[PDB]
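Throughout, a chain's letter reflects where its sequence line sits, starting with A, and its residues are numbered from 1. Order of listing sets the numbers, starting from 1, for every ligand and every atom in it.
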Protein chains: 4
Amino acid sequence: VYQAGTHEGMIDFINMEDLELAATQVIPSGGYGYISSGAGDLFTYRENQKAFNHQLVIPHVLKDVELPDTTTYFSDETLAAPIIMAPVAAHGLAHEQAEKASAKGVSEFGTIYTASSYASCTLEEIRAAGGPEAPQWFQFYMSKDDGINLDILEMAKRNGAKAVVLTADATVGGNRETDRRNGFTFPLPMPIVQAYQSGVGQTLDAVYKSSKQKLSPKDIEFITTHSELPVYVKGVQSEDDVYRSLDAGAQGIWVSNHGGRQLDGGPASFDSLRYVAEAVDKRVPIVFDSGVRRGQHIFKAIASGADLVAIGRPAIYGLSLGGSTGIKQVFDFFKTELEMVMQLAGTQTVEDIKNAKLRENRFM
Amino acid sequence: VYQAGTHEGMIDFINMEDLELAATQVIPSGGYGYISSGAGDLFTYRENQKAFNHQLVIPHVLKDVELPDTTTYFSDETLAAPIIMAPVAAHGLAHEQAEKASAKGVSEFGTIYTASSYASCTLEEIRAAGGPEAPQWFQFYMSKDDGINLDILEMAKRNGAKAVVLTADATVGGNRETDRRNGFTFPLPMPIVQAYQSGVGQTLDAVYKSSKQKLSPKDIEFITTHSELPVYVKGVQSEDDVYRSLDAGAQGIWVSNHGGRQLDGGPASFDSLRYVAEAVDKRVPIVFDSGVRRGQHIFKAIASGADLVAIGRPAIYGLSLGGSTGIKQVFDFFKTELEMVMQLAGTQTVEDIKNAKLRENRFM
Amino acid sequence: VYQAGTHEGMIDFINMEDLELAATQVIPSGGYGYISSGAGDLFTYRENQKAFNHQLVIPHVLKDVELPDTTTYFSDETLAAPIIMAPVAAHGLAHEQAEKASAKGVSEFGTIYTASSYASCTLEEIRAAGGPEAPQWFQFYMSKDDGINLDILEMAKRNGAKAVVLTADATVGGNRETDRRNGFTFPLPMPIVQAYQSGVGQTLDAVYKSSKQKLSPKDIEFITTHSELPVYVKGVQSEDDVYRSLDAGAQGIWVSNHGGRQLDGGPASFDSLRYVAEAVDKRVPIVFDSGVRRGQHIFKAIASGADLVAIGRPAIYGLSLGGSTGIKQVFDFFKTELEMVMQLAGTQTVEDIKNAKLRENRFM
Amino acid sequence: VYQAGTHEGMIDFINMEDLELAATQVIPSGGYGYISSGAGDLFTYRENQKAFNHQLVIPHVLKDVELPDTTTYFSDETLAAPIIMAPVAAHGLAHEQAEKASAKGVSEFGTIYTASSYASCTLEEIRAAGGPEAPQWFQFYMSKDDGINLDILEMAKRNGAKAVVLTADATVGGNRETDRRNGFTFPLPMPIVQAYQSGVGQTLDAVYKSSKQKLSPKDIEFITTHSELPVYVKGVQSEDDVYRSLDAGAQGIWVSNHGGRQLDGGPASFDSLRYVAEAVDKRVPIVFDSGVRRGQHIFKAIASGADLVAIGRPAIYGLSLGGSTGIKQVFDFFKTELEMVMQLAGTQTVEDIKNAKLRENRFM
Ligand SMILES: Cc1cc2c(cc1C)N(C[C@H](O)[C@H](O)[C@H](O)COP(=O)(O)O)c1[nH]c(=O)[nH]c(=O)c1N2
Ligand SMILES: Cc1cc2c(cc1C)N(C[C@H](O)[C@H](O)[C@H](O)COP(=O)(O)O)c1[nH]c(=O)[nH]c(=O)c1N2
Ligand SMILES: Cc1cc2c(cc1C)N(C[C@H](O)[C@H](O)[C@H](O)COP(=O)(O)O)c1[nH]c(=O)[nH]c(=O)c1N2
Ligand SMILES: Cc1cc2c(cc1C)N(C[C@H](O)[C@H](O)[C@H](O)COP(=O)(O)O)c1[nH]c(=O)[nH]c(=O)c1N2
């Protein structure tokens, strides 16, 4: 039987590196491999974290700043910080309480929770665990069947999703050789997608191949027609992808390379953010992820055109060790680091971060 | 007595790195040294594989792609994938069945087999092993004697060669210090070139020095006059070399640095491909090799102007461990990776790969 | 009880690297951690020392130079070399005689001593130890209370400070994870700031947070109004910061990133010096620090627009091992290396260093 | 008593790296330290060998080349190859037969021998050992005394020196910390400079400081007036140094950084060669050294504007292990590698090397 973390309470860590190492003591080796590794030779995965020092934050002086405020007004939401939970499959790999513990902790921190289509809990359980006022978005892995897609969108609406995130960069799985070496299969059901995917004993290759490969702009139009929720396209890393998305009626862009898990030999997401921000030209909101481990990474992404930054692996490691308490402590780590960076950079508010000018590193 | 691999059947590997390591268990150390190493301080050899991340593949989204097709129409041939067997000497160093096993396996995969002038089998055996419908090209190490050169061209014609590949970048051998340390000599005859080279007990320095050093455009004209087969010049890495080749009547260009085995301190072949593709301007087909270990490398070469990509060492390691079955499994590894890359890049067909735009890596 | 170094006399070292290692034998581990480490992942701290080879010194020939003279005329001062003591807190962490030993040694070398607001001695003791003719500057960590700030400025005047250095890049402490791992607290009082900070048993986070966070140009105007001493702004790394400082009446600019102790992910100070020197355009003097370990680093900073170069950690390591004798030996190491560099570069005097042209390193 | 190598005969090596290691078995540790190491943190010393791959040699094809000829016509000399012996002090540190063995071996190879002012033999012994037809140049470390300088120039003339090489980049010694750690002193006299320097028991700092520091263009004019031999200025790495040298009547330029032994933090000599070749514009001959370990390095230097390439440490390691036979084997190693590079690059003669175009490495 697969046994994940069970602790609910405060965890001891300094940074996200010793947290990642500590989680190896509570997550079974196959599950830890699935969470921790990446595609191919890991060039793109390693570049994600390195890329934040391609651009340098200037520690300005005499900026008349104290008690910097991370409070973020986004649509009709008031977030504690411009930091949100990325959609991550199967939280039962990390903690017995799974998405109930992660939705509760992210609700208590006070920010957006993005639910995965491949969750180990129902969306009804995720909504119940966060509470009725918790801001929640729905990440969509589409079926090949449009009847099933209508049913999943009506289900997202019933559960008060405020946006639909169409993940478009995992039409098939990457060459994840750690999962191959481990013979990884999912241990739990995937109730949200149960009409097309059973989860238990399935390879990640089989799971992604059960979803829709032939995604196109018509899929954005389908979601608009049948849900009337704003659509974010996730995995956007070029101008061409921005224009395809906006022309089809997308109301948000989510810059990502899937945490280096997909196409090895592609760019770091932070480098792609420059190209995407120029193409979007503030027409719609931008979410950014992949490689974020420090407050300075969040600051640099927002200065470079992101409106929100999403957290993946670090949140899952905190969940494994401390449940709702532990995942909230990870969000608090990022908020506390962002407050330090804001004071030393000279930015009183999140809007001031957007107006900061980074220096390109000519000696990387 | 020199004893190579003898197994015929399925081999267990994840990627080309663990395959290269596994082959050390079946190839005698001197033969393994000859296959695996490179010239001088190994700068050029190491740069070949690194250079593929000088250019970054964009994982596009909403591209309306599924079941990408690697089928390649080349002249009157239908290939399984745009992936061919490079000319590699003396397959008897790797497997007892030598070029019979490699020609059979490449025929069964369904692509072009390039026979080496320094083969351990006759071209008659290579044609018989592939079958009459197998696409085969003849790689020519020319004699100093034009009578011998006429005889070798008539022999290539009798065996249904569809092209002659004039290898022009090995007029002498490189400074291969692993072969020097090992006291390497060839253990088998070289029947195709037996009129000028006996093979058995000969150093690689002596073998290359027995062939023609003073290659010139007149040699292309000689091959056209006496065979009426299309001539590819192999080792082309600059505009000057393209113009010298085309002005002399070459009908193909093969971009290579001989797998880093020749002039240490020269460029990586993938970097040279940009210069050669601009000079050729689609006037003749381009074959590309040197350093290819992943589907993403094949995709990037084709996006950068290659029509076909040739495989060297990885195919020989598969041959050593599994014979015809093992070499076909290596071609299947590259085809399966290329299908994954095509889906995630958004390319339905091989012609779509040619139209993909890579992003230059400013932070290598 | 905290026990620091006690030796007064000559120390044995080759360079600043073996000196840093030797100091681990006499400084208690918590104090050594506080002195030696830096913020976050240590990118900025490591880049400081690497950055000196971003620009290359040309060893000119036939320059008609011998017995190069480091004598520096600065205001009405005559310095032995263009090399000064940086403000560093709590010298009692390094040596029992603390700032008495460091002020005496720097006075005997014959250069400017910058006293820290967080000193373990009174400014009266620092003035008494240096003697009445010793050039001393006062580094100011301001109170939130303007009455306390007036008292501290009157105290600096009574002790013959010739400049006030407003440190503006430590409004809060950086994420110094070595100090967190060690549970570091200060062992000694901070008498200069005793009206707002007690020092003993306090975290570095608490100490910086007791000083003023909301520094602005109004603070420069306050210091001018109440002391009539020239004001240097310390931590300046951009054109915007130069203009804010000069517009508010600053009479000096001190280029620094606080030895990599503050905002990780920011630039190396030597790289920032180019931007600051262009903005200042010789309107006021420039002091430079962060990463200086060799005479060639001092030469390059002066050629790039610095008038004076400040020494931090290396001086503290020398103090720990040899007291006044040991700190003077560190200044002598830098002067002797600078004389070697001046001879080989072809610069007779310090003004000749300013006119030297470095070559940018295109292959870093 | 200092005991150096004594063997006269053939030595076993593959490349200059295993030769450098083998010499540790026959050269006493202090002498080996003096020969092998460099200044400061060894940035410049390490960059010298790395810098050859800043520019890439194109292996051209169909160039109509065989049996490439390294024969070099230089003034009225006929050299075996465009490869000469650099001036290196005190060959008695390496072999008992000292400069007698090195002059004989370089004469038998058939190239220019540059005698050091700090030789362990007289120039009469060096001339006698090479024979009357051996091309020999005299490297001059000048006295502060012009009477002594006239005597040394008349001595060079009597011994048939064909050029005077004024070494201008060692007016003082670099910070050679291996020699400091070892307490190195010279074990033998320096007869050529005996009027001002005794050699025995002297530090390298004392030896360089006994020679002239205040070198200027007047020193070139002095040498022309009193010897009527062509003057080469050694250590030239910039346009300013070329113009100072030529304006003062220099008839040759020797590009060098003294093998990384002098000013750490300066450029690699191969990178400086581009700047110097553009300034010289073929007005006088150029000699190049520092970091040469491969035939490809010699080829690249000549393609980049050198007329001759000088060898230092590798020749001394060969001398230590095999005397005259061993030093000739090192010159033969470089000639044999240069012949391989010429064949693969497509250059029939040394003048053809000068016309080769390298590709700048954009991904170093
Ligand atoms: C274990 C695991 C599982 C998933 C993911 C990631 C990881 C680590 N990601 C990608 C995710 O949304 C995000 O892009 C990355 O996690 C960001 O990189 P970092 O983990 O922060 O480095 C992902 N994305 C998505 O849209 N749906 C999913 O179900 C999952 N599943
Ligand atoms: C053992 C071995 C032997 C040979 C070669 C290579 C190797 C590894 N190569 C070069 C070959 O065609 C090709 O250019 C490289 O193998 C490509 O680099 P990779 O091996 O794929 O990295 C080669 N080329 C050629 O034209 N004729 C030959 O006989 C040989 N022999
Ligand atoms: C232990 C310690 C303590 C302090 C400092 C540094 C160090 C190492 N620094 C920063 C200092 O003035 C200077 O900018 C750096 O020391 C320069 O970098 P290097 O130490 O030379 O590499 C510092 N700066 C300041 O203005 N007031 C202070 O009290 C201190 N305290
Ligand atoms: C042991 C030793 C001793 C000397 C030198 C070098 C070495 C290694 N060099 C510098 C020499 O001429 C040359 O510039 C370098 O040796 C070139 O670098 P490589 O040794 O080839 O890497 C040197 N140069 C010079 O003009 N007169 C000298 O007496 C000496 N002495």
Side-chain angles (χ1 to χ4, degrees), chain A residues 34-36 45 48-49 86-90 93-94 114 116-119 139-141 165 167 169-170 234-235 254 256-261 269 289-293 310-316, chain B residues 34-36 45 48-49 86-90 93-94 114 116-119 139-141 165 167 169-170 234-235 254 256-261 269 289-293 310-316, chain C residues 34-36 45 48-49 86-90 93-94 114 116-119 139 141 165 167 169-170 234-235 254 256-261 269 289-293 310-316:
Chain A
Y34 168 76
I35 295 163
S36 65
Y45 182 25
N48 283 342
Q49 198 181 338
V88 167
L93 288 170
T114 317
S116 170
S117 281
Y118 297 166
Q139 177 272 314
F140 200 3
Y141 280 128
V165 179
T167 300
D169 61 354
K234 176 165 180 281
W254 187 316
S256 181
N257 63 21
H258 218 105
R261 297 166 69 83
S269 66
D289 77 28
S290 298
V292 174
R293 302 294 183 273
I311 305 305
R313 292 177 184 93
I316 302 300
Chain B
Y34 168 76
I35 295 163
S36 65
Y45 182 25
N48 283 342
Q49 198 181 338
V88 167
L93 288 170
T114 317
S116 170
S117 281
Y118 297 166
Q139 177 272 314
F140 200 3
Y141 280 128
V165 179
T167 300
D169 61 354
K234 176 165 180 281
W254 187 316
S256 181
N257 63 21
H258 218 105
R261 297 166 69 83
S269 66
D289 77 28
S290 298
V292 174
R293 302 294 183 273
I311 305 305
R313 292 177 184 93
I316 302 300
Chain C
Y34 168 76
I35 295 163
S36 65
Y45 182 25
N48 283 342
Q49 198 181 338
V88 167
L93 288 170
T114 317
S116 170
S117 281
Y118 297 166
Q139 177 272 314
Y141 280 128
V165 179
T167 300
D169 61 354
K234 176 165 180 281
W254 187 316
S256 181
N257 63 21
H258 218 105
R261 297 166 69 83
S269 66
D289 77 28
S290 298
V292 174
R293 302 294 183 273
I311 305 305
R313 292 177 184 93
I316 302 300

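- Annotation: side-chain contact (heavy atoms from CB on, under 4.5 Å) contacts of A:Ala90 (sequence neighbours excluded): A:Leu93, A:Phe186.
- For the residue pair C:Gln139/C:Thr114, the side-chain donor-acceptor check at 3.5 Å is not satisfied.
- A donor and an acceptor atom, one from each side chain of C:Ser256 and C:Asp289, are located under 3.5 Å apart.
- At a 4.0 Å heavy-atom cut-off, the residues surrounding ligand 2 are B:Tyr34, B:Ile35, B:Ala86, B:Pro87, B:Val88, B:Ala89, B:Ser116, B:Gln139, B:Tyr141, B:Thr167, B:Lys234, B:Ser256, B:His258, B:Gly259, B:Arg261, B:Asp289, B:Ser290, B:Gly291, B:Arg293, B:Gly312, B:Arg313, listed by chain and number.
- The minimum heavy-atom distance linking B:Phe140 with B:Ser117 is given by the pair CA-OG, 3.4 Å.
- A:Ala119 meets the side-chain contact (heavy atoms from CB on, under 4.5 Å) test with A:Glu99, A:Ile126, A:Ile192; sequence neighbours excluded.
- Residues passing the side chain to side chain donor-acceptor pair (under 3.5 Å) test with B:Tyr118 are B:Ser211, sequence neighbours excluded.
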